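K.L.:
Sequences listed follow chains A and C, in order.
Quick note: the deposited numbering has the first sequence finishing at residue 835, numbered continuously throughout.
The deposited numbering puts the second sequence at residues 643 to 676, 689 to 690.
Note that the Cβ used here is the ideal one computed from N, Cα and C, for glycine as well.
Okay, handing you the structure first.
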Amino acid sequence: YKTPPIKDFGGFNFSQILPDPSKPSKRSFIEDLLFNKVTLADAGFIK
Amino acid sequence: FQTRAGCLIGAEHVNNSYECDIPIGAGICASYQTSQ
Ligand SMILES: *[C@@H]1O[C@H](CO)[C@@H](O)[C@H](O)[C@H]1NC(C)=O
């Protein structure tokens, strides 16, 4: 499902949890915060 | 074909997208489809 372009949710506001197209990976602000908060090791890249 | 999982040899790469049939890794799947 895709959210409509116009965010007319009767005053309720969800920008901080909806995807942000600016980021190369379409993650929300809180998702980016969570991803940065974890210092993951051994990601498993090609190397 | 080069993928994040490694080198895949013997499978043709296409830009279409379908349901996963044989999961390879890193978002790549392989399947038997069409001359097959
Ligand atoms: C498949 O991927 C994209 C689809 O738009 C385009 O470059 C072209 O149709 C195809 N390119 C290759 C390398 O298969």
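How long is the line joining the alpha carbons of C:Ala653 and A:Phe833, rounded to whole angstroms?
P.N.:
Between the C-alpha atoms of C:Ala653 and A:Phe833 there is a straight-line separation of about 21 Å.
K.L.:
Check each candidate in A:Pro793, A:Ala831, A:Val826, A:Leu821 and name the one with the smallest Cα separation from A:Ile805.
P.N.:
A:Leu821
K.L.:
Would you say the beta carbon of C:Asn657 comes nearer than 7 Å to a heavy atom of ligand 1?
P.N.:
yes
K.L.:
From the beta carbon of A:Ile818, is the nearest beta carbon of chain C less than 8 Å away?
P.N.:
no
K.L.:
Is the beta carbon of C:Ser689 closer than 8 Å to that of C:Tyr660?
P.N.:
no
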